[PDB]
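To begin, one chain is listed below as structure tokens, in the form deposited in one PDB entry.
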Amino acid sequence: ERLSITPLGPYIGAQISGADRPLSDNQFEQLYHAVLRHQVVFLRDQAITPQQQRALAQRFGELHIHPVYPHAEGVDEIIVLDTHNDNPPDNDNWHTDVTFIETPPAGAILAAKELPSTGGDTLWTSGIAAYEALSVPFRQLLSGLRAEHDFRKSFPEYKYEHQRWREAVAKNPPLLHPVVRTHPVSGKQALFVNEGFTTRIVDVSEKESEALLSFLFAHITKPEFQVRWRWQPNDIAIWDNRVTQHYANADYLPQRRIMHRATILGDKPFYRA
């Protein structure tokens, strides 16, 4: 059966009505192409279970186990984000999930488990649109440069365990990813740096890299490049983590908020033409 897809804007974003029980190949194909046409998709009234989410995640590709965040009961592929006073939120910043690994995840699945009165809002900005918005000379200047990503930027040492930390650190040293990434599947061009992990553009002077990142970290903020989602229980968010950045509002404390995430591994980011 056809899926009900309502696009949330001219660029990134959309909402659907399917039936998450496993998906009938034919639907998962519509969904996939959906999570591809719009970088993010939202589904409401889907009270799934950890074991159930991981199943859906696999339908896209192998999963990833976060080296820091805690996992669900007996499902290490499904990250549990339980925030409150004894564990404040640390996703109130523009970042692209796990880019400190050679092959950053090409997608993830968020399940709205337990929510606060209001707030907790999460936004997604499109790298593709952001890129199309760059003047030609800038597209040239950026296409080809490489930027360093450091897991320690969004997971500093002082906030940590300090033995379990050092472990994840040495196992995830800083690496390089193209400033302008080409989509494995769509082949569309998109900006690929995120305030969350990008430390500096390695192919320009320190002051130059500094200047360009200030611009870019801001540039991706433009409201036209994004979508905002007001959480509701048992909501489901699926997005293409290879051409987007997202922010999660930290405005619900002291209340509690519980979210489950399925991290999906992708290939190696690369640029083309």
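Note that residue numbering follows the sequence shown and begins at 1. So that the term is clear: the rigid core is the largest set of C-alpha atoms that superpose within 1.5 Å between two forms.
(request) Check the residues of the deposited sequence separating residue 160 from residue 161 and report how many of them have no coordinates, as none, 1 to 3, 4 to 9, or 10 or more. (result) Unresolved stretch here: 4 to 9 residues.
(message) When the Cα temperature factors in the entry are averaged, is it 100 to 108 or 68 to 76 that ends up higher?
(response) According to the entry, 68 to 76 carries the higher average C-alpha B-factor.
(request) Using only the Cα atoms and their B-factors as the entry lists them, report which of 77 to 85 and 132 to 140 averages higher. (result) On average, C-alpha B-factors are higher across 77 to 85.
(request) Sort 45, 210, 240, 62 by C-alpha B-factor from the entry and give me just the highest. (result) Highest CA B-factor of the listed options: 45.
(request) From the list 192, 124, 151, 165, select the residue with the highest C-alpha B factor recorded in the entry. (result) Answer, based on the entry's C-alpha B-factors: 165.
(request) Grab the CA temperature factor for residue 172 from the record and place it in the lowest, middle or highest third of its chain. (result) Residue 172: CA B-factor falls in the highest third of its chain.
(message) Quick check on the deposited entry: does the C-alpha B-factor of residue 258 sit in the lowest, middle or highest third of its chain?
(response) Middle third of the chain for residue 258's C-alpha B-factor.
(request) Name the third of the chain's ranked CA B-factors that contains residue 246, choosing lowest, middle or highest. (result) For residue 246, whose C-alpha B-factor we compare with every modelled residue in the chain, the answer is the lowest third.
(message) Going by the CA temperature factor in the PDB record, which third of the chain does residue 179 belong to: lowest, middle or highest?
(response) For residue 179, whose C-alpha B-factor we compare with every modelled residue in the chain, the answer is the highest third.
(request) Quick one: classify residue 3 as lowest, middle or highest third of the chain based on its Cα B-factor. (result) Highest third, going by the recorded CA B-factors of the chain.
Quick note: we don't show the form deposited in another entry, though the next part is all about it.
(message) To test your reading of the superposition: with the rigid core aligned, which of 65, 211, 218, 36 moves its Cα by 2 angstroms or more between this form and the one not shown?
(response) If I go through the list carefully, the shifting residue is 65.
(message) Once the core is aligned, does residue 155 move its Cα by at least 2 Å between this form and the one not shown?
(response) Yes; that C-alpha moves by at least 2 Å between this form and the one not shown.
(message) How about residue 176 - superposed on the rigid core, does its CA move between this form and the one not shown by 2 Å or more?
(response) No, the C-alpha position differs by under 2 Å between this form and the one not shown.
(request) Answer yes if the Cα of residue 114 shifts by 2 angstroms or more between this form and the one not shown on a rigid-core superposition, and no otherwise. (result) Where the cores coincide, residue 114 shows only a C-alpha shift between this form and the one not shown that is less than 2 Å.
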